[PDB]
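Right, one structure below, let's go through it.
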Amino acid sequence: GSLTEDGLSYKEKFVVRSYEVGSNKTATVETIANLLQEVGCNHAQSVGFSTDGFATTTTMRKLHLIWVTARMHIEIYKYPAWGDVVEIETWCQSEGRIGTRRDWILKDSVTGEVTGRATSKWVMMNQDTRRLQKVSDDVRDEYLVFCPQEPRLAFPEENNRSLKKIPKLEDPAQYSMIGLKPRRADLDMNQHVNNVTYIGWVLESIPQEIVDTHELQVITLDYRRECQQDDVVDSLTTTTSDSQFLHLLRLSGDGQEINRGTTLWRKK
Amino acid sequence: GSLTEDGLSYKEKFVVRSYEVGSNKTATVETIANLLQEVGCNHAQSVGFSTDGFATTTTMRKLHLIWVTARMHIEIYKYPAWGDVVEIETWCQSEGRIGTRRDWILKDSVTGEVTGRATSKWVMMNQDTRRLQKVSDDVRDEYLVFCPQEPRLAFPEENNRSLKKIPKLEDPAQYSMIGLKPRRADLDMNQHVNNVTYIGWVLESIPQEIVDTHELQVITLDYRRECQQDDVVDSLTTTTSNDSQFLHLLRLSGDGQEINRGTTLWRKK
Ligand SMILES: Nc1nc2ccccc2s1
Ligand SMILES: Nc1nc2ccccc2s1
Ligand SMILES: Nc1nc2ccccc2s1
Ligand SMILES: Nc1nc2ccccc2s1
């Protein structure tokens, strides 16, 4: 992988692995999400950020502040096949004091055609208290030099799918998968549940008949609270419609919400 | 990746990814096992085998026969760090009519030092009946041309660990993790639980204090029966031992049917 000529975006190529594909011999949406995370990490490394946390400047590290995902939105037109090379370009852009957006564009390396796109919203949070505290402009000044200044949007349109409000699923859900728990492979280097695990948990309550006859086109996921290594999760899904679904992840006991989302699927 | 000059082994380099590492910022043993599987698949592809199944000749495919893992044994001296390049060489060898062995050697790409080794035993099974049924010599003839003829062992030692018999853990287990179930990410392209998932399930019952103060040096795992996508698994571990050794058992909650047994060896950090 490498930073582009202007130093304001990063590109990397990935050869799709045998264990990374589903029944259609194409990459799963969790494999895609893992590659988006990897290219994001390599972009942070390329611009001088340390391996300590993820994209924290020395000022954020001093203040015990970290970046946390509030939303992930992924649209895939074609999933890359096993052995194919997919090229991914990523960049970030400030959205004022609220937070930062990281965008991605996925391409077929042979044809140069855009096969997918993604966007995410990130906020600054104190790692110890979990509060989105007052921070001050001197922190943001440190990041601005690594971002393009003119707007560069993977989803440029005003009021597009990536910015839509997601409602809360009401009981009874049409489908459910109960008692989901993370294992050691689901944890990151800091012993926190990796963000991709929640995508997998959302998709666990989609009926097998849908997975067998459709392809996932769009997934939008909000992140409200983390699942601790000892928490247990219930995955709920209701058809709202192409087939569209509303999703809710909540802690098995008291029903505390950890994520909400929507998926759009097209017939194969 | 590429076949070597003599066409009898295959080598591939992997850059360790951010999500592939544990707390020490080095590759987990499940990341290693996934890379061993990947280099094995690329070796099969390089010698003409189709993307249909795994290393199945046209004769095996006609007879509805597949290769299935009976044992995996991995020994790691140093786990590669995040961003490091690890080079892995793999090859296969017939062990008569019983089955075939696939071996691997892992090296640090910068120094050329051996950082790990692995071996596995594979058997032919009918995909439909799950029987290890009678198969003629014409099937084996098809594979012999892709294997070295002189013995080439990743584990040459006399009474080496890779061939030791594993006993059955007796209740009560010292530690356990109950109710483990696979999710869609744990399945392969044929909707079967990936062999690496069972390694993860075995390691779930190792106490957190061990994972925090030790590094996994050796894991030997026997595969007796598959976990179906709707089965539920219990992971049991008992200490058998500076080094810590454990005996492991995976069994279905449904009635206690054994799916795997194994042992692990850990060294203080
Ligand atoms: N492309 C798809 N990836 C996944 C991952 C998990 C479940 C369903 C699907 S469909
Ligand atoms: N919050 C931000 N983190 C990064 C990392 C790499 C490049 C740009 C930015 S802006
Ligand atoms: N190197 C190690 N890999 C793993 C994977 C799962 C649990 C424990 C360990 S120690
Ligand atoms: N059973 C065997 N499968 C393969 C795959 C690649 C090379 C050699 C062999 S022998």
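At-a-glance table
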| quantity | calculated |
| --- | --- |
| Any hit, the stretch A:25-47, residues being farther than 20 Å from A:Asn195 by Cβ and crowded, with 18+ Cβ neighbours inside 10 Å | yes |
| Checking B:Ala81 against (1) hydrophobic (A, V, I, L, M, F, W, C); (2) within 16 Å of ligand 3 (Cβ to nearest atom); (3) surrounded by 17 or more Cβ atoms within 10 Å (Cβ to Cβ), the condition it does not meet | (3) |
| Yes/no for B:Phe49 being of a type outside the set (S, T, N, Q), within 11 Å of chain A (Cβ to nearest Cβ), farther than 28 Å from B:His214 by Cβ and away from ligand 1 (no atom under 16 Å from the Cβ) | no |
| Residue under evaluation A:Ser162, criteria (1) part of a helix (DSSP H, G or I); (2) within 14 Å of chain B (Cβ to nearest Cβ), criterion not met | (2) |
| Filter result (closer than 15 Å to A:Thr197 by Cβ and over 20 Å from the mean Cα position of the chain (by Cα)) within the stretch A:235-268 | A:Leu251 |
| Complete set of residues in the stretch B:181-213 that are assigned to a helix (DSSP H, G or I) and either closer than 11 Å to A:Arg184 by Cβ or hydrophobic (A, V, I, L, M, F, W, C) (or both) | B:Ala185, B:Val196, B:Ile199, B:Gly200, B:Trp201, B:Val202, B:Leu203, B:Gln208, B:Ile210, B:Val211 |
| Complete set of residues in the stretch B:1-46 that are over 16 Å from A:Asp188 (Cα atoms), more than 9 Å from every other protein chain (Cβ to nearest Cβ) and polar (S, T, N, Q) | B:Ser2, B:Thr4, B:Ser9, B:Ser46 |
| Matching residues, the stretch B:2-43, being of a type in the set (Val, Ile, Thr) and away from ligand 4 (no atom under 16 Å from the Cβ) | B:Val15, B:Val16, B:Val21, B:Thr26, B:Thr28, B:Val29, B:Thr31, B:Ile32 |
| Subset of the stretch A:98-153 [of a type in the set (D, E, K, R) and in a loop (DSSP other than H, G, I, E, B)] | A:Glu113, A:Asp128, A:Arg130, A:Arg131, A:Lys134, A:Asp137, A:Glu150, A:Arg152 |
| Matching residues in the stretch B:194-221 - criterion: being within 10 Å of chain A (Cβ to nearest Cβ) and of a type outside the set (D, E, K, R) | B:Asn194, B:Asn195, B:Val196, B:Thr197, B:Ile199, B:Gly200, B:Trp201, B:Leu203, B:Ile206, B:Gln208, B:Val211 |
| Check on B:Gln191, surrounded by fewer than 19 Cβ atoms within 10 Å (Cβ to Cβ), within 14 Å of chain A (Cβ to nearest Cβ) and within 20 Å of B:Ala70 (Cβ to Cβ) | no |
| Test: residue in the stretch A:238-260 that is closer than 27 Å to B:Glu20 by Cα, at the interface with chain B (Cβ under 10 Å from one of its Cβ atoms) and more than 16 Å from ligand 3 (Cβ to nearest atom) | no |
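As a convention, Cβ positions derive from the backbone with ideal geometry for all residues, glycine included, and neighbour counts pool all protein chains shown. Only the coordinates and a few stated rules stand behind these numbers; no lab work does.
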